[PDB]
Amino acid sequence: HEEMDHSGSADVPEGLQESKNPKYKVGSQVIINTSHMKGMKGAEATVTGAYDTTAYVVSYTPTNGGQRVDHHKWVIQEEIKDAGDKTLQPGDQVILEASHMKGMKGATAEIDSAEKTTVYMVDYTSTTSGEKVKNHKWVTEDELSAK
């Protein structure tokens, strides 16, 4: 149950720029090489969106309480409240507009690191359950491998 909950959002943010020359085209098949959450490492995935933006590592306390989410990959420029286009810096405090999971939307987040890269939204087949996780947000270009 907790697998789909950690990839529980389905709305694409406004003003998000689709990638001009992504390494992995939309509709292409990739392998996820990162361990953000259980069931993703080495999973079969399909690219459903590719965008040129700034990806941030963030730390925040969920709005519903419980343990602090430490160094979470990723929230993007377009998911930070009132951010506009100015790049956020390490240590900056912000309000998250992202709702990837329960307690994230409206949380006070600290910016841990930032990077301009291509970020991908992907469908993937969980390696632990075998269930199709839809439009998971997000994985950067360097966390994907060509199928």
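Sequential numbering from 1, following the sequence displayed.
Look at the mean CA B-factor for 116-124 and for 82-90 in the entry; the higher one is 82-90.
Two stretches are in play, 135-143 and 9-17, and the higher mean C-alpha B-factor belongs to 9-17. Looking only at 34, 29, 108, 99, the residue with the top Cα B factor in the deposited structure is 34. Looking at the C-alpha B-factors along this chain, the one for residue 46 belongs to the lowest third. Residue 67 sits in the highest third of its chain by CA B factor, as recorded in the PDB entry.
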